Number of protein chains: 2
Amino acid sequence: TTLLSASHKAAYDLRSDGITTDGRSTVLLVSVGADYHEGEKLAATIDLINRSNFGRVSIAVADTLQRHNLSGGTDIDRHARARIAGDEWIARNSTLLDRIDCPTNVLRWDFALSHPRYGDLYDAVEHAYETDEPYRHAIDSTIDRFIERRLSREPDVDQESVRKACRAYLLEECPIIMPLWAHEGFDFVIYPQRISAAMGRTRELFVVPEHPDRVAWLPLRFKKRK
Amino acid sequence: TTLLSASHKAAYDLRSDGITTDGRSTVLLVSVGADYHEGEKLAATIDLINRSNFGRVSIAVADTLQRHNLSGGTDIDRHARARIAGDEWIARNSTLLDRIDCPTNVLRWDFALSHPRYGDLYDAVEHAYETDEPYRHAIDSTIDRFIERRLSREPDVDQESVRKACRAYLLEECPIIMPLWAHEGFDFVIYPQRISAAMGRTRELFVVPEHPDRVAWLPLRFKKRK
């Protein structure tokens, strides 16, 4: 009963009765640069993981994916800078991740992108963005939320630079998190934010049909202790 | 270029004409404790890997599998020892694995044993050992070779204890290396020693009928440079 964060408690933002975590496969999605996947907030997340008694945990270091958010230089400098981010994130939080009782693995974003299925899965998703009206509306709207988020701070920013980047981000994220990890035998995805509209529809078209039991989204709710 | 080991050159011990490595997914199987997975020998293998221009490389640290060769205490105590060895291997040969240029991932034996398919594949292999005479022969004779090697040094050894252990090891190994990694989408497996008698039969039984294109074994040939 030795805790990793005495000051915080992480919990699943769901109806707990419908969650049986014991011995299941789960991914811990890490969008590098988020406060959520850092320090005392991340320490409580691991307390919850160990409490969950999973069978195996994949630590998805979504590093290079963040290159679409970075500004300046060539896409090479943006990519390699976003790589370093992850390089640093693993170094910073390694000792905390070692404290996951069940077997773990660190998946770097470039290793996901290089999976043999990634090819066809991207095209499947892109085609779905063209054909499926719900997905099209779900993606176009999530991009419009991200554009208005960056324009509140910086109104001088190039519109199509933000649109192209958010389209790129989402369209690259989706084939991995839903259909790939579904195929890779995962039962859940632990992320601190509740599933996006675009992610939801990806699950609906690519996961739900044949594997509605796989890669089920588990959002997080944090609270301080005493 | 800038060689990692100037003293040694590593090579695939094959008819190199038939091999197209460019863009393929491969495993670099590491039986922790072997000299081929250390120093100039390992450094030279990374050299070859970078010449080979792979799509992705999974560095399979077969650490806890080695628990079978250890003696004394409970399987739990011996597992722990074997795990620490891996912990250490990873620690000394990390800087060197960092020098593979394509995307990589470090897979640890306990995570492989944790794969959902492991269960069923173990059972398939055990069944194969019960029914397929070529396979039974391949395993039984592999163990018989190992008992001979042990007695030649330790004549007062419990032969049935070695026999039990050896059978355990071979059976634990096969479902991962051949059928699991075939499903996982690996075009090749890199090991310093040519394919086992038992390993071959596994590939013939679980890989060759549907995916002969998958998990092709690339053995290594070492040479001191001048």
# chains A, B, ... in the order shown; residues from 1 in each chain; ligands from 1
>>> select_by_dssp(residues="segment 6-223 of chain A", states="alpha helix (DSSP H)", output="PyMOL selection string")
chain A and resi 39-51+75-97+109-113+118-131+133-153+159-175+181-183+197-202
>>> closest_atom_pairs(of="chain A", to="chain B", cutoff="8 Å", atoms="only C-alpha atoms", output="Markdown table")
| residue | atom | partner | partner_atom | distance |
| --- | --- | --- | --- | --- |
| A:25 | CA | B:116 | CA | 7.8 |
| A:55 | CA | B:114 | CA | 6.4 |
| A:56 | CA | B:114 | CA | 6.0 |
| A:103 | CA | B:111 | CA | 5.1 |
| A:104 | CA | B:111 | CA | 6.2 |
| A:105 | CA | B:107 | CA | 6.5 |
| A:106 | CA | B:105 | CA | 7.1 |
| A:107 | CA | B:105 | CA | 6.5 |
| A:108 | CA | B:105 | CA | 7.3 |
| A:110 | CA | B:103 | CA | 5.9 |
| A:111 | CA | B:103 | CA | 5.1 |
| A:114 | CA | B:56 | CA | 6.4 |
| A:115 | CA | B:56 | CA | 7.7 |
| A:116 | CA | B:185 | CA | 6.8 |
| A:184 | CA | B:184 | CA | 7.6 |
| A:185 | CA | B:116 | CA | 6.7 |
>>> select_by_dssp(residues="segment 110-201 of chain A", states="strand (DSSP E)", output="VMD selection string")
chain A and resid 188 to 191
>>> residues_around(residues="segment 208-221 of chain A", least_positions_apart="6", cutoff="12 Å", atoms="only C-alpha atoms", output="PyMOL selection string")
chain A and resi 8-16+18-21+24-29+36-37+41-42+44-46+48-49+52+58+176-196+199-202
>>> write_last_selection(atoms="C-alpha atoms", output="mmCIF file, in the first residue's frame")
data_model
loop_
_atom_site.group_PDB
_atom_site.id
_atom_site.type_symbol
_atom_site.label_atom_id
_atom_site.label_comp_id
_atom_site.auth_asym_id
_atom_site.auth_seq_id
_atom_site.Cartn_x
_atom_site.Cartn_y
_atom_site.Cartn_z
ATOM 1 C CA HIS A 8 -3.290 13.134 -5.630
ATOM 2 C CA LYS A 9 -5.734 10.435 -6.810
ATOM 3 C CA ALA A 10 -6.447 9.534 -10.455
ATOM 4 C CA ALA A 11 -9.741 7.794 -11.379
ATOM 5 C CA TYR A 12 -11.633 6.573 -14.420
ATOM 6 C CA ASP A 13 -14.138 9.269 -15.564
ATOM 7 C CA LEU A 14 -16.791 6.501 -16.129
ATOM 8 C CA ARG A 15 -19.482 4.194 -14.692
ATOM 9 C CA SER A 16 -16.927 1.902 -12.843
ATOM 10 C CA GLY A 18 -18.825 -1.612 -16.627
ATOM 11 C CA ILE A 19 -15.007 -1.680 -16.188
ATOM 12 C CA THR A 20 -13.166 -4.959 -15.503
ATOM 13 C CA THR A 21 -9.466 -4.054 -15.857
ATOM 14 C CA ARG A 24 -6.431 -6.733 -19.754
ATOM 15 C CA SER A 25 -4.038 -5.106 -22.334
ATOM 16 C CA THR A 26 -3.890 -1.284 -22.128
ATOM 17 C CA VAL A 27 -2.141 1.704 -23.824
ATOM 18 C CA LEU A 28 -1.261 4.809 -21.818
ATOM 19 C CA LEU A 29 -1.482 7.564 -24.462
ATOM 20 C CA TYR A 36 -1.346 15.675 -17.587
ATOM 21 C CA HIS A 37 1.473 13.263 -18.489
ATOM 22 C CA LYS A 41 -0.556 14.232 -12.148
ATOM 23 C CA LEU A 42 1.359 11.405 -13.943
ATOM 24 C CA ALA A 44 -1.311 9.378 -9.578
ATOM 25 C CA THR A 45 -2.046 7.941 -13.060
ATOM 26 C CA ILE A 46 0.492 5.152 -12.327
ATOM 27 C CA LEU A 48 -4.389 3.923 -10.698
ATOM 28 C CA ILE A 49 -2.639 1.622 -13.297
ATOM 29 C CA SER A 52 -6.092 -1.753 -12.046
ATOM 30 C CA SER A 58 2.068 0.000 -23.654
ATOM 31 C CA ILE A 176 -2.821 4.155 -34.971
ATOM 32 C CA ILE A 177 -4.853 4.854 -31.832
ATOM 33 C CA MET A 178 -8.027 3.172 -33.036
ATOM 34 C CA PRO A 179 -7.630 0.468 -35.814
ATOM 35 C CA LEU A 180 -3.916 -0.390 -35.297
ATOM 36 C CA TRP A 181 -3.908 -0.775 -31.515
ATOM 37 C CA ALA A 182 -7.250 -2.592 -31.903
ATOM 38 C CA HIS A 183 -5.464 -5.109 -34.175
ATOM 39 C CA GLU A 184 -2.365 -5.130 -31.844
ATOM 40 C CA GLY A 185 -4.679 -6.625 -29.176
ATOM 41 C CA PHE A 186 -5.464 -3.712 -26.824
ATOM 42 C CA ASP A 187 -8.537 -3.508 -24.585
ATOM 43 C CA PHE A 188 -8.248 0.085 -23.434
ATOM 44 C CA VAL A 189 -6.592 3.486 -24.084
ATOM 45 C CA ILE A 190 -5.906 5.645 -20.974
ATOM 46 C CA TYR A 191 -5.976 9.345 -21.866
ATOM 47 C CA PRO A 192 -6.821 12.278 -19.429
ATOM 48 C CA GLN A 193 -9.295 13.877 -21.883
ATOM 49 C CA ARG A 194 -12.580 12.246 -22.937
ATOM 50 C CA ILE A 195 -12.483 10.775 -26.513
ATOM 51 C CA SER A 196 -12.670 13.458 -29.305
ATOM 52 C CA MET A 199 -11.585 9.642 -32.503
ATOM 53 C CA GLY A 200 -15.109 8.466 -31.623
ATOM 54 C CA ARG A 201 -16.150 8.077 -35.265
ATOM 55 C CA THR A 202 -12.813 6.286 -36.036
#
>>> residues_around(residues="residue 197 of chain A", least_positions_apart="6", cutoff="9 Å", atoms="only C-alpha atoms", output="PyMOL selection string")
chain A and resi 135+138-139+141-142
>>> write_last_selection(atoms="C-alpha atoms", output="PDB file, in the first residue's frame")
ATOM      1  CA  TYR A 135     -16.587  11.380 -39.988  1.00  0.00           C
ATOM      2  CA  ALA A 138     -16.546  15.081 -36.975  1.00  0.00           C
ATOM      3  CA  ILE A 139     -13.037  15.851 -38.377  1.00  0.00           C
ATOM      4  CA  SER A 141     -15.386  20.430 -36.630  1.00  0.00           C
ATOM      5  CA  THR A 142     -12.474  19.210 -34.352  1.00  0.00           C
TER       6      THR A 142
END
>>> atom_distance(atom1="atom CA of residue 122 of chain A", atom2="atom CA of residue 171 of chain A")
7.1 Å
>>> residues_around(residues="residue 69 of chain A", least_positions_apart="5", cutoff="9 Å", atoms="only C-alpha atoms", output="ChimeraX atom specification")
/A:78,162,165-166,169
>>> atom_distance(atom1="atom CA of residue 143 of chain B", atom2="atom CA of residue 167 of chain B")
6.8 Å
>>> residues_around(residues="residue 128 of chain B", least_positions_apart="2", cutoff="12 Å", atoms="only C-alpha atoms", output="compact mmCIF listing (two decimals) with N, CA, C and O atoms, in the first residue's frame")
# COMPACT_ATOMS: atom_id res chain seq x y z
N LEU B 121 -1.13 -19.96 -28.52
CA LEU B 121 0.02 -20.36 -29.33
C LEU B 121 0.90 -21.36 -28.60
O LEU B 121 1.47 -22.25 -29.25
N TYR B 122 0.99 -21.23 -27.23
CA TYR B 122 1.75 -22.15 -26.40
C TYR B 122 1.10 -23.51 -26.53
O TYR B 122 1.77 -24.51 -26.81
N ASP B 123 -0.23 -23.53 -26.36
CA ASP B 123 -1.07 -24.72 -26.45
C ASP B 123 -0.94 -25.37 -27.80
O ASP B 123 -0.85 -26.60 -27.85
N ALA B 124 -0.87 -24.57 -28.88
CA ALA B 124 -0.72 -25.07 -30.24
C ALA B 124 0.59 -25.79 -30.43
O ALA B 124 0.65 -26.82 -31.11
N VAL B 125 1.63 -25.24 -29.79
CA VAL B 125 3.00 -25.74 -29.88
C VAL B 125 3.15 -27.00 -29.05
O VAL B 125 3.82 -27.94 -29.48
N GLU B 126 2.51 -27.02 -27.88
CA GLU B 126 2.54 -28.18 -27.00
C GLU B 126 1.81 -29.32 -27.71
O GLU B 126 2.31 -30.44 -27.76
N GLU B 130 3.07 -33.02 -29.10
CA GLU B 130 2.42 -34.28 -28.79
C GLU B 130 2.09 -35.09 -30.02
O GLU B 130 2.14 -36.31 -29.96
N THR B 131 1.74 -34.43 -31.13
CA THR B 131 1.22 -35.10 -32.33
C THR B 131 2.20 -35.17 -33.55
O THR B 131 2.34 -36.23 -34.17
N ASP B 132 2.86 -34.08 -33.90
CA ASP B 132 3.77 -34.04 -35.05
C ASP B 132 5.11 -34.69 -34.70
O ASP B 132 5.93 -34.07 -34.01
N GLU B 133 5.33 -35.96 -35.14
CA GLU B 133 6.59 -36.67 -34.85
C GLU B 133 7.84 -35.86 -35.27
O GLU B 133 8.75 -35.76 -34.45
N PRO B 134 7.93 -35.21 -36.45
CA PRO B 134 9.14 -34.43 -36.75
C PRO B 134 9.48 -33.39 -35.66
O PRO B 134 10.65 -33.25 -35.28
N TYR B 135 8.44 -32.70 -35.15
CA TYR B 135 8.58 -31.68 -34.13
C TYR B 135 9.03 -32.27 -32.82
O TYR B 135 9.95 -31.73 -32.21
N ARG B 136 8.38 -33.40 -32.39
CA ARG B 136 8.68 -34.13 -31.15
C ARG B 136 10.12 -34.54 -31.23
O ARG B 136 10.88 -34.19 -30.33
N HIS B 137 10.53 -35.14 -32.37
CA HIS B 137 11.90 -35.55 -32.59
C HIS B 137 12.87 -34.39 -32.48
O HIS B 137 13.87 -34.51 -31.79
N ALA B 138 12.57 -33.29 -33.17
CA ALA B 138 13.41 -32.10 -33.18
C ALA B 138 13.68 -31.60 -31.76
O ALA B 138 14.84 -31.33 -31.43
N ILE B 139 12.64 -31.54 -30.90
CA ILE B 139 12.74 -31.07 -29.51
C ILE B 139 13.47 -32.09 -28.66
O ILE B 139 14.49 -31.73 -28.05
N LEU B 171 9.89 -24.83 -25.35
CA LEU B 171 8.44 -24.65 -25.52
C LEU B 171 7.98 -23.22 -25.27
O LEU B 171 6.99 -22.82 -25.85
N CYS B 174 9.45 -20.98 -28.67
CA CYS B 174 8.86 -21.21 -29.98
C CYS B 174 7.58 -20.43 -30.26
O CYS B 174 7.57 -19.77 -31.29
N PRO B 175 6.53 -20.43 -29.43
CA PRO B 175 5.32 -19.67 -29.80
C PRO B 175 5.53 -18.20 -30.04
O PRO B 175 4.78 -17.61 -30.82
N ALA B 198 14.34 -27.57 -33.95
CA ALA B 198 13.02 -27.34 -33.36
C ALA B 198 12.44 -26.04 -33.84
O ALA B 198 11.25 -25.98 -34.09
N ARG B 201 11.11 -26.60 -37.55
CA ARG B 201 9.81 -27.28 -37.55
C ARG B 201 8.66 -26.33 -37.19
O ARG B 201 7.61 -26.40 -37.83
N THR B 202 8.87 -25.43 -36.18
CA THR B 202 7.86 -24.45 -35.77
C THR B 202 7.48 -23.58 -36.95
O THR B 202 6.30 -23.52 -37.29
N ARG B 203 8.49 -23.01 -37.64
CA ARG B 203 8.30 -22.18 -38.82
C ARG B 203 7.56 -22.95 -39.89
O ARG B 203 6.63 -22.41 -40.47
N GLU B 204 7.95 -24.24 -40.11
CA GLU B 204 7.29 -25.13 -41.10
C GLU B 204 5.81 -25.35 -40.72
O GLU B 204 4.95 -25.40 -41.61
N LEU B 205 5.52 -25.48 -39.42
CA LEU B 205 4.17 -25.79 -38.96
C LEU B 205 3.24 -24.59 -38.81
O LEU B 205 2.06 -24.69 -39.15
N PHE B 206 3.77 -23.47 -38.32
CA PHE B 206 3.01 -22.26 -38.00
C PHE B 206 3.25 -21.06 -38.90
O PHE B 206 2.48 -20.11 -38.84
